[PDB]
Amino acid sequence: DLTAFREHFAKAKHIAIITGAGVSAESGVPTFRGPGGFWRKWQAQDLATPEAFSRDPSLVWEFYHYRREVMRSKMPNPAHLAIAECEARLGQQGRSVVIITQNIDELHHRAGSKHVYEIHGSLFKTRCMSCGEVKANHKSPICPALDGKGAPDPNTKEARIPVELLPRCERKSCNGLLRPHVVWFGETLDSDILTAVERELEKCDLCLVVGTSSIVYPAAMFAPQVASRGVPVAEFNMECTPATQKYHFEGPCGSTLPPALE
């Protein structure tokens, strides 16, 4: 029941919004998850690891180059926008809105969201393998050797770029090898980010979960911290809930969310 949700929304002064893959999916971003999402022969799991990067950095950068480049045509959807406009509108009223996203595509920044926490990092940030420096980067192509590479067809031929010519650190002292500043399978989340999110979820008096459920990583790390404090939690996703069974608004975030946040 929407009008009950809206009563909380009306009151709420510190709102946290946790966004999952569903919302990036609705803008047509590939997530490479479940059966169907392949890039060439492989799935996310195969390439998104420190093992794969150490063993074939040209292949992984090809994959990450592709994903960077498909974003030139995928745009924020109404869910992205309603969240950004909400943030802005409530900001002026001295209320507040934080976004905690597992997504790496910067669509929240591109819709105009500002207080965003990217817990899995970003396709358009690099980290130096040598000096560890994090730097924004939308350079297209990220480097010449990758130009028009990363093509997604199963029997595309590998680029096999020499590692010296892969993207490198700009401080010439260093010239270190860059990697996408994205959290890979079997790496740890940044501890400072988690400390901030903890802090934000403590202030929080209404919490939205969008394009994912409370039950699963990563929403499951946080939704308990808020729920235990008796704070309402609204899921907006495409997953059903059984006939018999805090708020859940079924259907697409693009359709469900803007009416809720107006």
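Sequential numbering from 1, following the sequence displayed. If you superpose the two forms and keep the largest set of C-alpha atoms that fall within 1.5 Å, you have the rigid core.
Undergrad: Following superposition on the rigid core, is the mean squared CA displacement, expressed as RMS, greater for 149-157 or for 177-185 in 8 other deposited structures of this protein?
TA: Checking 149-157 against 177-185 in 8 other deposited structures of this protein, I find the farther stretch is 149-157.
Undergrad: Any chance you could tell me whether 213-221 or 198-206 drifts more in 8 other deposited structures of this protein, judged by RMS CA distance from this form after superposing on the core?
TA: If we average over structures and residues in 8 other deposited structures of this protein, the farther stretch is 213-221.
Undergrad: Could you bin the unmodelled part of the deposited chain lying between residue 245 and residue 246 as none, 1 to 3, 4 to 9, or 10 or more?
TA: Unresolved stretch here: 1 to 3 residues.
Undergrad: Using the B-factors recorded in the PDB entry, average over the C-alpha atoms of 56-64 and of 34-42, then report which stretch comes out higher.
TA: Here the higher of the two C-alpha B-factor means belongs to 34-42.
Undergrad: Per the record, averaged over C-alpha atoms, which has the higher B-factor: 179-187 or 153-161?
TA: Comparing 153-161 with 179-187, the higher mean C-alpha B-factor belongs to 153-161.
Undergrad: Just grab whichever of 223, 194, 70, 210 has the top CA B-factor as deposited.
TA: The record points to 223.
Undergrad: Say you rank 85, 105, 170, 118 by Cα B-factor from the PDB entry; which sits at the top?
TA: Most elevated C-alpha B-factor of the set, per the entry: 170.
Undergrad: In terms of the CA temperature factor given in the entry, to which third of its chain does residue 134 belong: lowest, middle or highest?
TA: Middle third, going by the recorded CA B-factors of the chain.
Undergrad: Compare the C-alpha B factor of residue 10 with those of the other modelled residues in its chain, then answer lowest, middle or highest third.
TA: Its C-alpha B-factor, which the entry lists for residue 10, ranks in the highest third among residues of this chain.
Undergrad: Compare the C-alpha B factor of residue 25 with those of the other modelled residues in its chain, then answer lowest, middle or highest third.
TA: Ranked within chain, residue 25 CA B lands in the middle tercile.
Undergrad: What third of the chain, by the recorded C-alpha B-factor, contains residue 145?
TA: It belongs to the middle third of the chain when residues are ordered by C-alpha B-factor.
Undergrad: Compared with the other modelled residues in the chain, in which third is the CA B-factor of residue 97?
TA: Within its chain, residue 97 is a lowest-third residue by C-alpha B-factor, going by the deposited values.
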